[PDB]
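Let's start with one chain on its own, the form deposited in one PDB entry, as structure tokens.
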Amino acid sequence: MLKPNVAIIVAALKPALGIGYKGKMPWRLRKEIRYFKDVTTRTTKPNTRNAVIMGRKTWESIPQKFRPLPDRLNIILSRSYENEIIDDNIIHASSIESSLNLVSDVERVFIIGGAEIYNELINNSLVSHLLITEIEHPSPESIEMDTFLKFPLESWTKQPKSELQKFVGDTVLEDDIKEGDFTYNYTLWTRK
């Protein structure tokens, strides 16, 4: 696949954009997880699949029995990896672009984390869309976190919900989803 448009998908707590704590997510939002699954799995084309790219640490955080993520091509990046097709569902690579040369029959490509991956790859011009779940809590500074996005949001434009809906197609998009003390909304951003 030559120069595909790639999207980052992440859930972050406002206003600091915290995303993790000691290798884990700082919340368990059941509905958000199902949205993640639907968005990264759904395709429009016939014999296609989407690809999900992640850093080695994120991969290793999934219990062995639950990896690869089903129904998507999984790509794992490590600076130590050779560019290798493991099986039909798993690819090893040392760079995003290199990994994409190994794929065919992919519709969309999503970067799913983690922090190092996100913070590096946001500056790669292949990245054209950000799908950010914006989480809010009454006392954000009560939720322990050690990992944050460092995204140059002044160079991006948040689109109206209508553009998000068009991006996700079928997927039901509820507003102001509340779970425990957290309230969240899905957003789409594109480059200025």
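The first residue of the shown sequence is 1; numbering continues from there. Shifts are known only where both forms have a C-alpha. In this text, rigid core is short for the largest set of C-alphas that superpose within 1.5 Å between two forms.
Higher-B stretch (mean Cα B-factor, as the entry records it), 102-110 or 86-94: The stretch with the larger mean CA B-factor is 102-110.
Residue stretch of maximal mean CA temperature factor, 113-121 vs 77-85: Higher of the two, by average CA B-factor, is 77-85.
Out of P160, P70, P138, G55, highest CA B-factor residue: Answer for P160, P70, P138, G55: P138, with the highest C-alpha B-factor.
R28, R34, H129, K166, ranked by C-alpha B-factor: the highest one: Answer, based on the entry's C-alpha B-factors: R28.
Within-chain third of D146 by Cα B-factor, per the entry: It belongs to the highest third of the chain when residues are ordered by C-alpha B-factor.
For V10, the third of its chain into which the C-alpha B factor falls: For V10, the deposited C-alpha B-factor lands in the lowest third.
Modelled-residue ranking by C-alpha temperature factor, third containing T48: Highest third - that is where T48 ends up once the chain's C-alpha B-factors are sorted.
Just so it is clear, the following notes concern the form deposited in another entry, a form of the same protein that is not shown.
Displaced position between the shown form and the other one, chosen from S139, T44, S162, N47 (C-alpha, 2 Å or more, rigid core): Single residue meeting the criterion: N47.
Rigid-core frame, C-alpha of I96, shift of 2 angstroms or more between the shown form and the other one: After core superposition, the C-alpha of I96 moves 2 Å or more between the shown form and the other one.
Rigid core fit then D105 CA moved by 2 Å or more between the shown form and the other one: Comparing the forms between the shown form and the other one, which are aligned on their rigid core, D105 does shift its C-alpha by 2 Å or more.
After core alignment, residue runs (3 or more) whose Cα moves 2 Å or more between the shown form and the other one: The runs that move are 45-47, 95-97, 99-105.
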